[PDB]
Amino acid sequence: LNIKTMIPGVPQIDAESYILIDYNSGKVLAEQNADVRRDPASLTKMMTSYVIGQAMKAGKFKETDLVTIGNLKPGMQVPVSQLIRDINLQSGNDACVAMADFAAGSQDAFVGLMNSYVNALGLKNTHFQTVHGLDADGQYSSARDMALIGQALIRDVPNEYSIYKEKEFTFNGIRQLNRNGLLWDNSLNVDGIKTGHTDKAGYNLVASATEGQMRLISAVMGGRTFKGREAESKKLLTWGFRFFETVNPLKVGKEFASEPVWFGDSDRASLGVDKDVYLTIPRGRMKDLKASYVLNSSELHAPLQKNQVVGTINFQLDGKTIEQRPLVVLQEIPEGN
């Protein structure tokens, strides 16, 4: 029933590894060697910028604060806004060392923070050695881990992430461009990430684009040619938006169902979810998306705690449950008698 339930063929991507994920759902739309350990090269500055965003989020320093350059010439004073624009748009290696020392006291302690953020994110194939990644040796990542770093940037530090769409900034009366060529592509709404090239790392790009409420993240690593620098990723984004859509069937705190309660201070339980429901399904099939729920006991008896789990919501497509979520009590019901 062949055109409704059709599974699209993934385009040909000329690179060694790639992954395409939906920012909200976390769904994996396409993947090839996504867990293979490779050199991220200057994609390493994504994690560097993540750690800086977290420090600014926590109030440790601000954009208007002044940084002294040490061992861009030594002893000049540069605002944080400039140094992080240099890191984010230009990938400047100087600015990474000046910021690591400002923020963490030394490079090594900063590297120590990079790698604990790797474990906090759950990344299983990334490890850093320097703040900048210049050393063609020894440090590694994967297309999957790099896209997950991209997502955490957008999610955890939105004030850091908003800097990556700036097209230009002025280092000292010197106008500097963002190096991410996809920002000027009028066919897409790209607002991110990082570009990097090393003869052994190949061409690498972590991009993010939006269409409607939908956000996609791609990571292509070890791209083989100059002319596919931007084009390969643009293929993959475009493909993902053409065949898929992300819908949001249920938000936190909304009443999904209502069920009778025995023995409490009220006779009805307001039921829902404790986390937002985002799903990624084949474009155009929403009106076929059905939701239903099953309870774990026949009668809901009091007491009920707020966010207690009393069942499961089953999201279905073609008689296929594509996702299940815990159904929770949205408002506490103390035992009445």
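The record lists X-ray crystallography as the method behind this PDB entry and 2.3 Å as its resolution.

Draft legend 1. Summary view of the overall build of the chain. For the chain, the helix and strand inventory stands at seven helices and 17 strands. When the backbone C-alpha atoms are referred to their principal axes, the chain occupies close to 75 × 50 × 35 Å. When burial is assessed residue by residue, the chain has 47% of its 337 residues classed as buried. For the chain, the accessible surface area stands at approximately 16,600 Å², while carbon and sulfur atoms represent 47% of it. For the chain, the distance from the average site of its 37 positive side-chain charges to the average site of its 38 negative ones is 5 Å.

Draft legend 2. Region of the structure containing the domain arrangement of the chain. Partitioning the chain into domains gives domain 1 (1-243) and domain 2 (244-337). Computed from C-alpha coordinates alone, the two centres of domain 1 and domain 2 are separated by 36 Å. The interface of domain 1 with domain 2 comprises 14 residues on the first partner and 12 residues on the second. For the pairing of domain 1 and domain 2, the buried interface totals around 1,000 Å² over both sides, and the portion due to carbon and sulfur atoms is 60%.

Draft legend 3. Expanded view of the sheet that holds strand β16 (residues 309-317). If you trace the six strands from one edge of the open sheet to the other, you get β14-β16-β17-β12-β11-β15, paired in mixed fashion. Of all the strands in the sheet, the pair left with one neighbour each is β14 (290-295) and β15 (300-301). Pairing geometry for strand β12 (residues 268-272) and strand β17 (residues 320-329), over two bridges, is antiparallel. Counterpart to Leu271 in the pairing with β17 is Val329.

Draft legend 4. Here's a closer look at the nonpolar core. Ranked by size, the top nonpolar core spans 52 residues in total, and within it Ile52, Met99, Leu153 and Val206 carry the most contacts. Sorting the residues of this core by element identifies β1 (17-22), α1 (44-57), α2 (80-90), α3 (93-104), α4 (107-121), α5 (143-156), β5 (168-171) and β9 (214-223) as the ones contributing at least two each. If sequence neighbours within four positions are ignored, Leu153 has contacts with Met46, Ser49, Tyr50, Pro158, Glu160, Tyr161, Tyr164 and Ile193.

Draft legend 5. Local environment of the packing of aromatic side chains. Taken as a whole and judged by the stated rule, the model has nine aromatic pairs. Residues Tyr50 and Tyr117 carry aromatic rings whose centres are separated by 5.3 Å and whose planes lie at 85 degrees to one another, so their mutual orientation is edge-to-face. You can call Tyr50 buried: its relative accessible area is 3%. Ring-pair connections join several aromatic residues into one group, and the members of that group are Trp239, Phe243 and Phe244. Residue placement shows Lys167 over the ring face of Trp184; its charged tip is 5.8 Å from the ring centre.

Draft legend 6. Representation of the packing of α2 against α3. Two elements in contact, α2 and α3, have axes whose closest approach is 9 Å; the angle formed by their N-to-C orientations is 130 degrees. Our classification of the angle between α2 and α3 gives oblique. Crossing of α2 over α3 shows left-handed handedness. Residue-level inspection shows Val80, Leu83, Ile84, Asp86 and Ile87 of α2 in contact with α3, the latter providing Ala95, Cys96, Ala98, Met99 and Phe102. Partitioned by chemical class, the residues of the contact of α2 with α3 number nine nonpolar, no polar and one charged.

Draft legend 7. Expanded view of the pairing of β12. Here four bridges tie strand β11 (residues 257-262) to β12, and the two strands are oriented antiparallel to one another. Note on β12: the bridge partner recorded for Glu259 is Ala269. A loop of five residues connects β11 with β12, the two strands running antiparallel in sequence, and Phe263 in this loop sits at a positive phi of about 55 degrees.

Draft legend 8. Region of interest: the environment of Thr210. Tracing the backbone through its elements, the reader meets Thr210 in strand β8 (residues 202-211). The exposure class of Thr210 is partly exposed, given its relative accessible area of 22%. Leaving out residues up to four positions away in the same chain, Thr210 has contacts with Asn189, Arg215 and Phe241.

Rules used throughout
- Residues numbered from 1 in each chain as written, not as in the entry; some residues may be left out.
- Heavy atoms only, no water.
- Helix = DSSP H or I, 4+ residues; strand = E, 2+ residues; numbered from the N terminus.
- Buried < 20%, exposed > 50% of the residue type's maximum accessible area, 1.4 Å probe, protein only.
- Areas by Shrake-Rupley, 256 points an atom, 1.4 Å probe, with all protein chains shown as cover.
- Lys, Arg positive; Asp, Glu negative; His and termini not counted.
- Charge placed at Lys NZ, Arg CZ, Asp CG, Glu CD.
- Domains from an automatic or database assignment.
- Contact = heavy atoms within 4.5 Å.
- Buried area = accessible area lost by both parts, 1.4 Å probe.
- Pairing = 2+ DSSP bridges.
- Core = buried A, V, L, I, M, F, W, Y, C linked by side-chain atoms within 4.5 Å.
- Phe/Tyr/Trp six-rings, centres within 6.5 Å; stacked < 30°, edge-to-face > 60°.
- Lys NZ or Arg CZ within 6 Å of the ring centre and 35° of its normal.
- Axes fitted to C-alpha atoms, helices over the stretch in contact; angles between N-to-C directions.
- Parallel < 35°, antiparallel > 145°, perpendicular 65-115°, else oblique.
- Left-handed = near helix turned anticlockwise from the far one by under 90°.
- Nonpolar A, V, L, I, M, F, W, Y, C, P; charged D, E, K, R; others polar.

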